[PDB]
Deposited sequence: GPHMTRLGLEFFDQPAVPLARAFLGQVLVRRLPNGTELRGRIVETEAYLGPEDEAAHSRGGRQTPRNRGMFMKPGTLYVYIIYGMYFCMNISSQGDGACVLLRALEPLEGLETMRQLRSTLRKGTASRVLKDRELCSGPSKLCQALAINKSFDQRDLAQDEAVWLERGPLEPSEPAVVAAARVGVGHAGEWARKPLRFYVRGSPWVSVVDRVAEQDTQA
């Protein structure tokens, strides 16, 4: 096989916009306790900018027990429970209380395991087409909160051979909401990808 090295601190240590963009095309890898490796190529992300960002958990420099990850070293995972039963997987970027949410993966490996995991918690485009869908598919839960994506043995990021060029990256309004921050183009996805959670035609 090819020489494989994980993306580390150097990759994660950039501001939220460039990081959210840089994630696109990179391959998120999960290794289950049974040894099964799950891979999904990132096709959709969102930037949360920090204190000024009315939509961010870190609005006004607010640090709470839950959102510790957003204020930890870049690369630190911030995984929280939303609507009681779903997870959102974020990665702390450079910048006070700034992070990147992963929203959608093209599944590459272990699709049958992703299917088993999600059906318990059917189509391939249904597996990772959403921030909480992808968490289920890759057995990611709160136990991953505050772990380091640069160093962890169970989850890591690999440089992916297929990165979108600037013109192929769509910038669009974020999903799930405010004010001027509900409309800001802080969601980024690969143009024409069928794995993306929500298409935005006006932005395209």
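Judged by missing C-alpha atoms, the gaps in the deposited chain sequence fall at residues 122-129, 186-187, 215-219, listed in sequence order.
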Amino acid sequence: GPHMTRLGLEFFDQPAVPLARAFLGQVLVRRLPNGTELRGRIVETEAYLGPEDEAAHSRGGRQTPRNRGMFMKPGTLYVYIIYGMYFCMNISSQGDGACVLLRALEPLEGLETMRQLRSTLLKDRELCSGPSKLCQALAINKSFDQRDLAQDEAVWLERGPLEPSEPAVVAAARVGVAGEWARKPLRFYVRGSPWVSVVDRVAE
From here on, numbers count along this sequence of modelled residues.
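Notably, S165 is an intermittent gap: at least a third of the other compared entries of this protein, restricted to those modelling both its neighbours, have no coordinates for it. Per the records, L121 is among the residues left out by at least a third of the other compared entries, whereas the shown structure includes it. Mean C-alpha B-factor is higher over 160-168 than over the other stretch, the pair under comparison being 160-168 and 144-152. A summary of the deposited B-factors shows that, of 8-16 and 178-186, the stretch with the larger mean C-alpha value is 178-186. The entry lists C-alpha B-factors for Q94, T120, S132, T76, and the highest of these is at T120. When the modelled residues of the chain are ordered by C-alpha B-factor, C88 sits in the lowest third. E109 sits in the lowest third of its chain by CA B factor, as recorded in the PDB entry. Annotation for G60: C-alpha temperature factor in the highest third relative to the rest of the modelled chain, per the entry. Sorting the modelled residues of the chain by their CA temperature factor places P33 in the highest third. Ranked against the other modelled residues of its chain, the C-alpha B-factor of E54 as given in the entry falls in the middle third.
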